[PDB]
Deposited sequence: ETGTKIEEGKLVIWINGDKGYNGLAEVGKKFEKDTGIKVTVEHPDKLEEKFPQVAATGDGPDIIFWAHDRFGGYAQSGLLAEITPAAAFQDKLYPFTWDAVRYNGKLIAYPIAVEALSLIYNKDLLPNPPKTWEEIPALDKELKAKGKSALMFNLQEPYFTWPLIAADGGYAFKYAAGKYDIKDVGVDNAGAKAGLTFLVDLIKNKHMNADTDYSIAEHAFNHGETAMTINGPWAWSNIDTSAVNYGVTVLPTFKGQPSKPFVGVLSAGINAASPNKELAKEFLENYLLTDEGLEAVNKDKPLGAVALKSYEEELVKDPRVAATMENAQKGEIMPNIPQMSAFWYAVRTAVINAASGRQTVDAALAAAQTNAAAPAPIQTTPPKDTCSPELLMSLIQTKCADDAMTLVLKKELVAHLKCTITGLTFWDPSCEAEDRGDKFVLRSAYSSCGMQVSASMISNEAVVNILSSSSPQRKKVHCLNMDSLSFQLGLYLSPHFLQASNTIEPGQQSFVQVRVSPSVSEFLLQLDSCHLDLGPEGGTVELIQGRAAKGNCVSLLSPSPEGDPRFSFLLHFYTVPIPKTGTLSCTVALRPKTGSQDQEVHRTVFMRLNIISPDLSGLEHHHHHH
């Protein structure tokens, strides 16, 4: 699923991703968190397909209308901005991203279509739609056209459809009524008919799309176009001398564009939600962050109050707000996708001439209304830590409960593959083999699991303790207190032993499996500890040090003389991770030579 530790962003290609990536770069320097900005095609329709399966970006940028459908499906995570932060943005933007009383996304910018015109060609654009035919006429004699804009997305045709009273859904009793659809109303039929009449009269071409309309205006083929703020950049790359003004009226009524609020939602499956929040609130939403995106591609009106006040001075931004006020914010209801899909058809079918305006719009109103559980799998993988080797074991029975078929299990080195013993899957590697990593006094690798259900590999971090890195020493103390002389031992006097390891391992639990004192030939061997417990009345276990160092006490009695001159204390220590099971427990033996005297 989503990669843990990194932020993946999806945004439409027309919007500045480069300016956004430059915001992420600033985020990397301070927090060292790499931000990947991508712009796939059909990210709005692609996101819900992948997100439902757990795959997708950590953050998605789109108009607000799509986020309610995502929300109602459970693909978005409710954002939790502080009241002090919400006041920094205009209240109406928070209304766009509010769903079921929850905030499902962060509003970024307010987007509304405007009329862009060529000043060199047309210093004073027409005030109304009705006079475009008379305009286009004057231009065609010069080998040009009055207006070109994308007819394949109803977003661009809606301003004319809603000018006479066309509407997607009526708002009553505080909610959008999905049974009541305004596509077939005479206001829409009047707008769409006007569009068709422009195509029939040759004033526009039905096949026109976005990239053709953008190429035509920037290259001087047409005097006017309808687009959003994002497009002003490429017009600047071009030398076109242009201006942004309010959309022309229709039947005396202003053109009502559907106003989207560019918003950043957080994936419901993303583990990084905290990072997404820290990035969006602290960095992306700011005077600087928004300016960085605006330099690459214009955002137009912004949700942030402070930065907005500066942007409103821009004539182009003032023109976008003027068009927004005359427009209606898009409903965020899940039904919008069916509405948009249905309206796109009617515009294309009616503009193509395949259907009459009444027949096309009437049909649109009808359509508008309209097992593996691999996360558990990794838990079954057991890490066995031997002295020289690490072995991974996966019980077959447990796998059966999960209903998964494992295609492969390996270490980092693909050469090392698990072997099937028929009751379990075992994978053994030497600490120096299979790309094992020796660091931090630990031997770490990853178990790469491939399941038939998912193409992507599953990775689980495995670790074993490296005892060669650790240094073991045997202390001996005359009293139950720290003392500097461990070398000499005396009979009949209590002796206290402490096992010290450097670098001290606090994470691991220390226990003494066995201890022995070897008096050599003729002296015999005395068993101080066995079976993890003290042996005999002369030995008793003590409490460990503040450090993990274990401790025990023993009393040494000799009946006869000569006393053994020298002896060696042997103690076998067991090391288990506080976070690990017994499988990962490792054992080492420590020896020390000591002088016995009396």
item: Ranges missing from the model, given as deposited sequence positions; value: 1-4, 375-385, 614-626
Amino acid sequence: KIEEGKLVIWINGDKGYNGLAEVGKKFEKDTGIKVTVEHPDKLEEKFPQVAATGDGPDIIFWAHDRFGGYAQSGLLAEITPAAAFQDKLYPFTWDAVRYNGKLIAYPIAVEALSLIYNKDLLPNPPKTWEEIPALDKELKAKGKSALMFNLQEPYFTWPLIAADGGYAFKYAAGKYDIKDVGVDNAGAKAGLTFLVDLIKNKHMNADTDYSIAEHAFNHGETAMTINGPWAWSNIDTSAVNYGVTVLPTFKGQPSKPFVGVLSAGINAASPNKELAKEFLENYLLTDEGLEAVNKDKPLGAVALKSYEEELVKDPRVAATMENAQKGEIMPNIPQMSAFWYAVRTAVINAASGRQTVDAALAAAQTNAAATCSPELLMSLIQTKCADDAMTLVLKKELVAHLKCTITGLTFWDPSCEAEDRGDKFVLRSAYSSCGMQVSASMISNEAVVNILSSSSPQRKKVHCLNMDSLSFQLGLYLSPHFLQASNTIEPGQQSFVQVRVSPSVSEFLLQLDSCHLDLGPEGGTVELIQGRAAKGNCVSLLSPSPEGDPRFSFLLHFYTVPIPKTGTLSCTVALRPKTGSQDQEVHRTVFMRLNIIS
From here on, numbers count along this sequence of modelled residues.
query	finding
Residue range whose averaged C-alpha B-factor is higher in the record, 457-465 or 518-526	518-526
Which of 378-386 and 489-497 has higher mean CA B factor, as the PDB entry lists it	489-497
Options 60, 63, 573, 555 - largest CA temperature factor per the record	555
Maximum C-alpha temperature factor, selected from 119, 179, 305, 316	179
Chain third (lowest, middle, highest) by recorded CA B-factor, residue given as residue 579	highest
B-factor third for the C-alpha atom of residue 233 within its chain	middle
Third of the chain's Cα B-factor distribution that residue 279 belongs to, per the entry	highest
Assigned third (lowest, middle, highest) for the C-alpha B factor of residue 221	lowest
Chain third (lowest, middle, highest) by recorded CA B-factor, residue given as residue 356	middle
